[PDB]
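Both counts, for ligands and for their atoms, begin at 1 and track the order of listing. Every heavy atom of this structure was used, including side-chain atoms; hydrogens, water molecules and symmetry mates were not. Just so you know, residue 1 is the first one in the sequence shown, and it goes up from there.
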Amino acid sequence: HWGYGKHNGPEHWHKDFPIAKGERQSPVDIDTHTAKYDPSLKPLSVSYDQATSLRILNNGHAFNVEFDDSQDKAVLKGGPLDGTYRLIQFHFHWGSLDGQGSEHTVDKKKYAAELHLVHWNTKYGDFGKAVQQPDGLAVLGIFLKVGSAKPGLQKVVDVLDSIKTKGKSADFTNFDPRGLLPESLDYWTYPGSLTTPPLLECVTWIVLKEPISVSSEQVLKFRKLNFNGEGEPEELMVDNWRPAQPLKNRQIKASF
Ligand SMILES: Nc1c(Cl)cc(S(N)(=O)=O)cc1Cl
Ligand SMILES: [Zn+2]
């Protein structure tokens, strides 16, 4: 019954998921002075103009904006990646207050939230097969800081009222994820894992350097969500982030 609380939070996950203390766990702190520019990186390609969103879902840990991944359309390629990776969902991690909420950190700085756009390697045919492979997934990570509103986010913010509790979903078509990207695609990359159970070490992390700004009101609405199910005592969905994990035998590379 894993979660983020005292008796079920990240310090407990290793019991049911021993890979929590593995060799390539995420997230990590990005030490900007130890990251090295890698000229072997090729241009990053984020091709989301044919993306088809379908639904949004409160899964009791975050909320997922789900996409139609039955065909080739919204894909991530280039950069550190070999081949083609298809967009399946995005979600966020956020805090109780603006000084925390991100998973990755930058020189130990915690941002207010972190967006994860999740893609799977089409050479493995389905998501399920891809998460049995050391290069099965690519997650594009984008930090959120609080200041001006992100217009492209507001459609998400306004449907959250309709999925307050665990297991609730709503139709969510025609959402364009290009509206959540910053201007620059400068990034850091490293091999890692899912940041929640089952913590599978199947992910190429691509973390953009440029945060997007969202408004206080927008993130305040994220914090109105619930971890609990309908009719249960209210546990606000906040601080659904895993702290930074040991880097071990890894190097973080810069695209810039
Ligand atoms: N299933 C799943 C889990 Cl458990 C974690 C992540 S994450 N947060 O992007 O690493 C992404 C997915 Cl798709
Ligand atoms: Zn995530």
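Relative to the ring axis of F143, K145 does not place its NZ or CZ within 45° and under 6.0 Å from the centre.
The protein heavy-atom contact nearest to atom 10 (O) of ligand 1 is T195 N, 3.0 Å. Nearest protein heavy-atom contact of atom 6 (C) of ligand 1 is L194 CD2, 3.7 Å. Closest protein heavy atom to atom 9 (O) of ligand 1: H91 CE1, 3.2 Å. Taking atom 5 (C) of ligand 1 as the reference point, the nearest protein heavy-atom neighbour is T196 OG1, 3.5 Å.
Here the N, O or S atom of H93 that is nearest to the Zn ion (ligand 2) is NE2. Within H91, NE2 is the N, O or S atom that lies nearest to the Zn ion (ligand 2). The Zn ion (ligand 2) is closest to atom ND1 of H116 (considering only N, O or S atoms).
Inspection of the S26 and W205 side chains reveals an N or O donor paired with an N or O acceptor under 3.5 Å. For the 3.5 Å distance criterion, the side chains of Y85 and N121 qualify, holding a donor opposite an acceptor. For the residue pair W13 / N8, no side-chain donor-acceptor distance below 3.5 Å is found, with atom types taken as modelled. At a cut-off of 3.5 Å, with distance as the only test, a side-chain donor of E103 or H93 sits close to an acceptor on the other residue. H104 and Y190 share a side-chain donor-acceptor pair at under 3.5 Å.
For atom 1 (N) of ligand 1, the nearest protein heavy atom is 4.0 Å or more away.
The ring of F256 has its center no closer than 6.0 angstrom to the ring center of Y187.
A heavy-atom separation below 4.0 Å is not found between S26 and ligand 1. In this structure, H61 falls outside the shell of residues with a heavy atom less than 4.0 angstrom from ligand 1.
Each of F227, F172, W94 was evaluated against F63; a single residue qualifies, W94, per the ring-ring contact (aromatic ring centres under 6.0 Å, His included) test.
Listed by atom number, the atoms of ligand 1 under 4.0 Å from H93 heavy atoms are 8 (N).
Checked by distance only, ligand 1 and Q89 stay at 3.5 Å or farther apart across all their nitrogen or oxygen atoms.
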